[PDB]
Amino acid sequence: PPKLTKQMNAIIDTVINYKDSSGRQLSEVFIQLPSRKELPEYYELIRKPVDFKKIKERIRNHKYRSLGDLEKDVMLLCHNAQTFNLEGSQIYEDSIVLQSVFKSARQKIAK
Ligand SMILES: O=c1nc2n(c3cccc(Cl)c13)-c1cc(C3CCNCC3)ccc1C21CCCCC1
Ligand SMILES: [Zn+2]
């Protein structure tokens with residue numbers, strides 16, 4: 001794979017694998033969106049749905065021109081989680097932590 005592809009895969013794999021001090025993998029709920037037929041209410045509220053599987057697809061298929069474009073999709077995923085899920089819920093808080101994990105992984109891997 002090209003250098004940018006390896007860097008993006010390392011960044012997103014770091015985010016997906018991140019665990020809190022209890023050993024819980026925070027990305028678990030964000031890997032795969034519920035289907036439109038099972039939870040249409042999600043798609044009525046969230047204009048541009050995205051999950052980590054879709055971000056991995058966009059890295060795999062060379063859709064992100066820059067790390068800024070990848071960051072935009074990660075921040076969109078976290079924005080969608082905060083929009084749909086209750087403030088203070090574990091999912092909402094986890095999405096805030098993952099925004100920080102992404103920024104840290106990006107700085108470490110891309111230098
Ligand atoms: O914003 C999200 N809220 C949610 N999800 C998400 C999945 C991927 C990305 C995002 Cl950004 C989300 C999400 C994902 C699931 C999966 C669907 C596939 N089978 C395993 C479970 C179930 C439920 C959800 C919520 C959280 C709980 C309330 C319903 C919606
Ligand atoms: Zn390729």
# chains A, B, ... in the order shown; residues from 1 in each chain; ligands from 1
$ residues_near_ligand --ligand "ligand 2" --cutoff "10 Å" --atoms "only C-alpha atoms and all ligand atoms" --output "MDAnalysis selection string"
chainID A and resid 1:2 5 59:62
$ residues_near_ligand --ligand "ligand 1" --cutoff "6 Å" --atoms "only C-alpha atoms and all ligand atoms" --output "PDB file with N, CA, C and O atoms, in the first residue's frame"
ATOM      1  N   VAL A  29     -19.035   0.164  19.755  1.00  0.00           N
ATOM      2  CA  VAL A  29     -20.365   0.495  19.260  1.00  0.00           C
ATOM      3  C   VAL A  29     -20.340   1.233  17.909  1.00  0.00           C
ATOM      4  O   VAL A  29     -21.352   1.198  17.184  1.00  0.00           O
ATOM      5  N   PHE A  30     -19.214   1.866  17.562  1.00  0.00           N
ATOM      6  CA  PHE A  30     -19.083   2.689  16.353  1.00  0.00           C
ATOM      7  C   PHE A  30     -18.591   1.982  15.114  1.00  0.00           C
ATOM      8  O   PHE A  30     -18.443   2.616  14.084  1.00  0.00           O
ATOM      9  N   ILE A  31     -18.307   0.682  15.214  1.00  0.00           N
ATOM     10  CA  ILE A  31     -17.799  -0.057  14.071  1.00  0.00           C
ATOM     11  C   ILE A  31     -18.794  -0.135  12.911  1.00  0.00           C
ATOM     12  O   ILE A  31     -18.400   0.026  11.752  1.00  0.00           O
ATOM     13  N   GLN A  32     -20.043  -0.411  13.232  1.00  0.00           N
ATOM     14  CA  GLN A  32     -21.044  -0.678  12.209  1.00  0.00           C
ATOM     15  C   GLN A  32     -22.338   0.054  12.582  1.00  0.00           C
ATOM     16  O   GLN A  32     -22.858  -0.141  13.674  1.00  0.00           O
ATOM     17  N   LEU A  33     -22.853   0.868  11.674  1.00  0.00           N
ATOM     18  CA  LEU A  33     -24.131   1.549  11.893  1.00  0.00           C
ATOM     19  C   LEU A  33     -25.255   0.500  11.949  1.00  0.00           C
ATOM     20  O   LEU A  33     -25.205  -0.504  11.223  1.00  0.00           O
ATOM     21  N   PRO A  34     -26.346   0.817  12.666  1.00  0.00           N
ATOM     22  CA  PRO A  34     -27.546  -0.009  12.554  1.00  0.00           C
ATOM     23  C   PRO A  34     -28.096   0.161  11.132  1.00  0.00           C
ATOM     24  O   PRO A  34     -27.887   1.233  10.526  1.00  0.00           O
ATOM     25  N   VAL A  50     -21.940   7.653   9.151  1.00  0.00           N
ATOM     26  CA  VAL A  50     -20.635   7.064   8.924  1.00  0.00           C
ATOM     27  C   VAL A  50     -20.320   6.130  10.107  1.00  0.00           C
ATOM     28  O   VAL A  50     -20.800   6.332  11.220  1.00  0.00           O
ATOM     29  N   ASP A  51     -19.559   5.081   9.844  1.00  0.00           N
ATOM     30  CA  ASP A  51     -19.068   4.206  10.889  1.00  0.00           C
ATOM     31  C   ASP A  51     -17.571   3.924  10.637  1.00  0.00           C
ATOM     32  O   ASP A  51     -17.049   4.295   9.572  1.00  0.00           O
ATOM     33  N   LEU A  77     -18.208  11.236  12.456  1.00  0.00           N
ATOM     34  CA  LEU A  77     -18.679  10.059  13.191  1.00  0.00           C
ATOM     35  C   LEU A  77     -18.971  10.452  14.662  1.00  0.00           C
ATOM     36  O   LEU A  77     -20.059  10.174  15.187  1.00  0.00           O
ATOM     37  N   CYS A  78     -18.020  11.163  15.290  1.00  0.00           N
ATOM     38  CA  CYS A  78     -18.213  11.564  16.690  1.00  0.00           C
ATOM     39  C   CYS A  78     -19.352  12.575  16.840  1.00  0.00           C
ATOM     40  O   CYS A  78     -20.149  12.457  17.771  1.00  0.00           O
ATOM     41  N   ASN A  80     -22.026  12.725  14.914  1.00  0.00           N
ATOM     42  CA  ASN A  80     -23.267  11.959  14.740  1.00  0.00           C
ATOM     43  C   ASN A  80     -23.596  11.196  16.005  1.00  0.00           C
ATOM     44  O   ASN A  80     -24.731  11.219  16.448  1.00  0.00           O
ATOM     45  N   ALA A  81     -22.574  10.605  16.653  1.00  0.00           N
ATOM     46  CA  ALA A  81     -22.824   9.872  17.892  1.00  0.00           C
ATOM     47  C   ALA A  81     -23.348  10.844  18.977  1.00  0.00           C
ATOM     48  O   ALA A  81     -24.267  10.495  19.698  1.00  0.00           O
ATOM     49  N   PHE A  84     -27.115  11.906  18.124  1.00  0.00           N
ATOM     50  CA  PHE A  84     -28.167  10.910  18.347  1.00  0.00           C
ATOM     51  C   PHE A  84     -28.293  10.456  19.800  1.00  0.00           C
ATOM     52  O   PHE A  84     -29.413  10.239  20.292  1.00  0.00           O
TER      53      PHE A  84
END
$ residues_around --residues "segment 19-26 of chain A" --least-positions-apart "3" --cutoff "12 Å" --atoms "only C-alpha atoms" --output "PDB file with N, CA and C atoms, in the first residue's frame"
ATOM      1  N   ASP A  13      -6.514   2.276  12.994  1.00  0.00           N
ATOM      2  CA  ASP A  13      -6.378   1.042  13.783  1.00  0.00           C
ATOM      3  C   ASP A  13      -6.056   1.381  15.254  1.00  0.00           C
ATOM      4  N   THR A  14      -5.245   2.422  15.493  1.00  0.00           N
ATOM      5  CA  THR A  14      -4.946   2.879  16.849  1.00  0.00           C
ATOM      6  C   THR A  14      -6.232   3.335  17.546  1.00  0.00           C
ATOM      7  N   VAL A  15      -7.064   4.115  16.827  1.00  0.00           N
ATOM      8  CA  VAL A  15      -8.335   4.559  17.399  1.00  0.00           C
ATOM      9  C   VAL A  15      -9.248   3.378  17.697  1.00  0.00           C
ATOM     10  N   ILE A  16      -9.378   2.440  16.738  1.00  0.00           N
ATOM     11  CA  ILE A  16     -10.262   1.291  16.927  1.00  0.00           C
ATOM     12  C   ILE A  16      -9.810   0.406  18.083  1.00  0.00           C
ATOM     13  N   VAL A  29     -19.035   0.164  19.755  1.00  0.00           N
ATOM     14  CA  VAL A  29     -20.365   0.495  19.260  1.00  0.00           C
ATOM     15  C   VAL A  29     -20.340   1.233  17.909  1.00  0.00           C
ATOM     16  N   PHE A  30     -19.214   1.866  17.562  1.00  0.00           N
ATOM     17  CA  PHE A  30     -19.083   2.689  16.353  1.00  0.00           C
ATOM     18  C   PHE A  30     -18.591   1.982  15.114  1.00  0.00           C
ATOM     19  N   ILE A  31     -18.307   0.682  15.214  1.00  0.00           N
ATOM     20  CA  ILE A  31     -17.799  -0.057  14.071  1.00  0.00           C
ATOM     21  C   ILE A  31     -18.794  -0.135  12.911  1.00  0.00           C
ATOM     22  N   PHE A  52     -16.903   3.217  11.568  1.00  0.00           N
ATOM     23  CA  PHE A  52     -15.461   2.942  11.337  1.00  0.00           C
ATOM     24  C   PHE A  52     -15.278   2.008  10.152  1.00  0.00           C
ATOM     25  N   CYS A  78     -18.020  11.163  15.290  1.00  0.00           N
ATOM     26  CA  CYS A  78     -18.213  11.564  16.690  1.00  0.00           C
ATOM     27  C   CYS A  78     -19.352  12.575  16.840  1.00  0.00           C
ATOM     28  N   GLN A  90     -22.821   6.819  28.066  1.00  0.00           N
ATOM     29  CA  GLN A  90     -21.480   6.258  27.829  1.00  0.00           C
ATOM     30  C   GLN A  90     -21.077   6.392  26.353  1.00  0.00           C
ATOM     31  N   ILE A  91     -22.038   6.225  25.431  1.00  0.00           N
ATOM     32  CA  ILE A  91     -21.716   6.335  24.014  1.00  0.00           C
ATOM     33  C   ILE A  91     -21.294   7.754  23.654  1.00  0.00           C
ATOM     34  N   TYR A  92     -22.069   8.735  24.150  1.00  0.00           N
ATOM     35  CA  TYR A  92     -21.728  10.140  23.910  1.00  0.00           C
ATOM     36  C   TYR A  92     -20.317  10.471  24.453  1.00  0.00           C
ATOM     37  N   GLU A  93     -20.013  10.083  25.712  1.00  0.00           N
ATOM     38  CA  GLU A  93     -18.702  10.364  26.318  1.00  0.00           C
ATOM     39  C   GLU A  93     -17.579   9.633  25.598  1.00  0.00           C
ATOM     40  N   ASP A  94     -17.846   8.374  25.186  1.00  0.00           N
ATOM     41  CA  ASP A  94     -16.836   7.601  24.461  1.00  0.00           C
ATOM     42  C   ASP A  94     -16.457   8.297  23.153  1.00  0.00           C
ATOM     43  N   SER A  95     -17.447   8.893  22.474  1.00  0.00           N
ATOM     44  CA  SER A  95     -17.169   9.564  21.213  1.00  0.00           C
ATOM     45  C   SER A  95     -16.267  10.783  21.426  1.00  0.00           C
ATOM     46  N   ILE A  96     -16.400  11.451  22.572  1.00  0.00           N
ATOM     47  CA  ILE A  96     -15.551  12.595  22.879  1.00  0.00           C
ATOM     48  C   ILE A  96     -14.123  12.110  23.105  1.00  0.00           C
ATOM     49  N   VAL A  97     -13.968  10.986  23.838  1.00  0.00           N
ATOM     50  CA  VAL A  97     -12.633  10.434  24.086  1.00  0.00           C
ATOM     51  C   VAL A  97     -11.996  10.017  22.757  1.00  0.00           C
ATOM     52  N   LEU A  98     -12.785   9.377  21.872  1.00  0.00           N
ATOM     53  CA  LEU A  98     -12.233   8.946  20.583  1.00  0.00           C
ATOM     54  C   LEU A  98     -11.783  10.109  19.697  1.00  0.00           C
ATOM     55  N   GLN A  99     -12.400  11.292  19.811  1.00  0.00           N
ATOM     56  CA  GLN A  99     -11.915  12.466  19.049  1.00  0.00           C
ATOM     57  C   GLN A  99     -10.463  12.784  19.471  1.00  0.00           C
ATOM     58  N   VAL A 101      -8.367  10.643  20.986  1.00  0.00           N
ATOM     59  CA  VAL A 101      -7.485   9.516  20.626  1.00  0.00           C
ATOM     60  C   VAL A 101      -7.055   9.640  19.188  1.00  0.00           C
TER      61      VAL A 101
END
$ select_by_dssp --residues "chain A" --states "helix (DSSP H, G or I)" --output "NGL selection string"
:A and (3-17 or 26-30 or 40-45 or 52-60 or 67-84 or 90-110)
$ closest_residue --among "A:57, A:82, A:11, A:70" --to "residue 45 of chain A" --atoms "only C-alpha atoms"
A:82
$ decode --residues "segment 2-104 of chain A" --atoms "C-alpha atoms" --output "PDB file, in the first residue's frame"
ATOM      1  CA  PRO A   2       1.083   3.642  -0.519  1.00  0.00           C
ATOM      2  CA  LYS A   3       2.653   5.588   2.437  1.00  0.00           C
ATOM      3  CA  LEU A   4      -0.495   7.705   3.067  1.00  0.00           C
ATOM      4  CA  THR A   5      -2.642   4.537   3.108  1.00  0.00           C
ATOM      5  CA  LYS A   6      -0.332   2.879   5.667  1.00  0.00           C
ATOM      6  CA  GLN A   7      -0.377   6.040   7.820  1.00  0.00           C
ATOM      7  CA  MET A   8      -4.186   6.325   7.727  1.00  0.00           C
ATOM      8  CA  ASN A   9      -4.625   2.617   8.472  1.00  0.00           C
ATOM      9  CA  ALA A  10      -2.211   2.929  11.449  1.00  0.00           C
ATOM     10  CA  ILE A  11      -4.092   5.984  12.784  1.00  0.00           C
ATOM     11  CA  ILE A  12      -7.584   4.448  12.479  1.00  0.00           C
ATOM     12  CA  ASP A  13      -6.378   1.042  13.783  1.00  0.00           C
ATOM     13  CA  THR A  14      -4.946   2.879  16.849  1.00  0.00           C
ATOM     14  CA  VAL A  15      -8.335   4.559  17.399  1.00  0.00           C
ATOM     15  CA  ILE A  16     -10.262   1.291  16.927  1.00  0.00           C
ATOM     16  CA  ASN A  17      -7.972  -0.628  19.291  1.00  0.00           C
ATOM     17  CA  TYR A  18      -7.934   2.021  22.034  1.00  0.00           C
ATOM     18  CA  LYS A  19      -9.010   0.798  25.459  1.00  0.00           C
ATOM     19  CA  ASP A  20      -9.720   2.738  28.608  1.00  0.00           C
ATOM     20  CA  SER A  21      -8.040   1.827  31.946  1.00  0.00           C
ATOM     21  CA  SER A  22     -10.732  -0.847  32.565  1.00  0.00           C
ATOM     22  CA  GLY A  23      -9.743  -2.605  29.288  1.00  0.00           C
ATOM     23  CA  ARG A  24     -12.942  -1.596  27.434  1.00  0.00           C
ATOM     24  CA  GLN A  25     -12.505  -0.984  23.705  1.00  0.00           C
ATOM     25  CA  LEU A  26     -14.328   2.339  23.182  1.00  0.00           C
ATOM     26  CA  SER A  27     -14.797   1.986  19.421  1.00  0.00           C
ATOM     27  CA  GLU A  28     -16.966  -1.151  19.679  1.00  0.00           C
ATOM     28  CA  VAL A  29     -20.365   0.495  19.260  1.00  0.00           C
ATOM     29  CA  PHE A  30     -19.083   2.689  16.353  1.00  0.00           C
ATOM     30  CA  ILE A  31     -17.799  -0.057  14.071  1.00  0.00           C
ATOM     31  CA  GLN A  32     -21.044  -0.678  12.209  1.00  0.00           C
ATOM     32  CA  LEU A  33     -24.131   1.549  11.893  1.00  0.00           C
ATOM     33  CA  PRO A  34     -27.546  -0.009  12.554  1.00  0.00           C
ATOM     34  CA  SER A  35     -29.289  -0.696   9.220  1.00  0.00           C
ATOM     35  CA  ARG A  36     -31.709   1.885   7.822  1.00  0.00           C
ATOM     36  CA  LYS A  37     -34.482  -0.736   8.060  1.00  0.00           C
ATOM     37  CA  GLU A  38     -33.853  -1.509  11.765  1.00  0.00           C
ATOM     38  CA  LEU A  39     -33.331   2.056  13.041  1.00  0.00           C
ATOM     39  CA  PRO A  40     -34.716   4.498  10.511  1.00  0.00           C
ATOM     40  CA  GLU A  41     -34.935   7.057  13.340  1.00  0.00           C
ATOM     41  CA  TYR A  42     -31.104   7.299  13.215  1.00  0.00           C
ATOM     42  CA  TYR A  43     -31.207   8.271   9.533  1.00  0.00           C
ATOM     43  CA  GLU A  44     -34.035  10.778  10.095  1.00  0.00           C
ATOM     44  CA  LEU A  45     -31.718  12.737  12.478  1.00  0.00           C
ATOM     45  CA  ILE A  46     -28.215  12.045  11.100  1.00  0.00           C
ATOM     46  CA  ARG A  47     -27.689  13.602   7.672  1.00  0.00           C
ATOM     47  CA  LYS A  48     -24.360  11.972   6.774  1.00  0.00           C
ATOM     48  CA  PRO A  49     -24.073   8.636   8.600  1.00  0.00           C
ATOM     49  CA  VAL A  50     -20.635   7.064   8.924  1.00  0.00           C
ATOM     50  CA  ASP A  51     -19.068   4.206  10.889  1.00  0.00           C
ATOM     51  CA  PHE A  52     -15.461   2.942  11.337  1.00  0.00           C
ATOM     52  CA  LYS A  53     -16.100   0.235   8.679  1.00  0.00           C
ATOM     53  CA  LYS A  54     -16.895   3.017   6.176  1.00  0.00           C
ATOM     54  CA  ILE A  55     -13.809   5.032   7.194  1.00  0.00           C
ATOM     55  CA  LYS A  56     -11.676   1.866   6.689  1.00  0.00           C
ATOM     56  CA  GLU A  57     -13.338   1.412   3.234  1.00  0.00           C
ATOM     57  CA  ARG A  58     -12.526   5.018   2.288  1.00  0.00           C
ATOM     58  CA  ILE A  59      -8.862   4.545   3.358  1.00  0.00           C
ATOM     59  CA  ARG A  60      -8.690   1.169   1.503  1.00  0.00           C
ATOM     60  CA  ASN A  61     -10.107   2.678  -1.690  1.00  0.00           C
ATOM     61  CA  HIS A  62      -7.875   5.781  -1.560  1.00  0.00           C
ATOM     62  CA  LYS A  63     -10.754   8.214  -1.049  1.00  0.00           C
ATOM     63  CA  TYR A  64      -9.034  10.505   1.470  1.00  0.00           C
ATOM     64  CA  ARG A  65      -6.684  12.954  -0.264  1.00  0.00           C
ATOM     65  CA  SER A  66      -5.122  14.088   3.023  1.00  0.00           C
ATOM     66  CA  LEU A  67      -5.075  13.419   6.769  1.00  0.00           C
ATOM     67  CA  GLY A  68      -7.410  16.439   7.098  1.00  0.00           C
ATOM     68  CA  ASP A  69     -10.035  14.610   5.000  1.00  0.00           C
ATOM     69  CA  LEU A  70      -9.730  11.515   7.218  1.00  0.00           C
ATOM     70  CA  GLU A  71     -10.020  13.736  10.316  1.00  0.00           C
ATOM     71  CA  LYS A  72     -13.214  15.289   8.898  1.00  0.00           C
ATOM     72  CA  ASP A  73     -14.877  11.852   8.688  1.00  0.00           C
ATOM     73  CA  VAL A  74     -13.760  10.853  12.189  1.00  0.00           C
ATOM     74  CA  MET A  75     -15.088  14.132  13.601  1.00  0.00           C
ATOM     75  CA  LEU A  76     -18.327  13.563  11.653  1.00  0.00           C
ATOM     76  CA  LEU A  77     -18.679  10.059  13.191  1.00  0.00           C
ATOM     77  CA  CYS A  78     -18.213  11.564  16.690  1.00  0.00           C
ATOM     78  CA  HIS A  79     -20.606  14.462  15.912  1.00  0.00           C
ATOM     79  CA  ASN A  80     -23.267  11.959  14.740  1.00  0.00           C
ATOM     80  CA  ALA A  81     -22.824   9.872  17.892  1.00  0.00           C
ATOM     81  CA  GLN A  82     -23.196  13.003  20.094  1.00  0.00           C
ATOM     82  CA  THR A  83     -26.205  14.184  18.092  1.00  0.00           C
ATOM     83  CA  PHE A  84     -28.167  10.910  18.347  1.00  0.00           C
ATOM     84  CA  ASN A  85     -27.111   9.675  21.799  1.00  0.00           C
ATOM     85  CA  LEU A  86     -28.032  11.351  25.078  1.00  0.00           C
ATOM     86  CA  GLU A  87     -25.559  13.822  26.548  1.00  0.00           C
ATOM     87  CA  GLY A  88     -23.723  12.150  29.437  1.00  0.00           C
ATOM     88  CA  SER A  89     -24.467   8.629  28.112  1.00  0.00           C
ATOM     89  CA  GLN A  90     -21.480   6.258  27.829  1.00  0.00           C
ATOM     90  CA  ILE A  91     -21.716   6.335  24.014  1.00  0.00           C
ATOM     91  CA  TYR A  92     -21.728  10.140  23.910  1.00  0.00           C
ATOM     92  CA  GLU A  93     -18.702  10.364  26.318  1.00  0.00           C
ATOM     93  CA  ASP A  94     -16.836   7.601  24.461  1.00  0.00           C
ATOM     94  CA  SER A  95     -17.169   9.564  21.213  1.00  0.00           C
ATOM     95  CA  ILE A  96     -15.551  12.595  22.879  1.00  0.00           C
ATOM     96  CA  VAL A  97     -12.633  10.434  24.086  1.00  0.00           C
ATOM     97  CA  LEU A  98     -12.233   8.946  20.583  1.00  0.00           C
ATOM     98  CA  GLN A  99     -11.915  12.466  19.049  1.00  0.00           C
ATOM     99  CA  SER A 100      -8.906  13.005  21.349  1.00  0.00           C
ATOM    100  CA  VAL A 101      -7.485   9.516  20.626  1.00  0.00           C
ATOM    101  CA  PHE A 102      -7.672  10.240  16.898  1.00  0.00           C
ATOM    102  CA  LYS A 103      -5.827  13.569  17.290  1.00  0.00           C
ATOM    103  CA  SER A 104      -3.148  11.956  19.421  1.00  0.00           C
TER     104      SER A 104
END
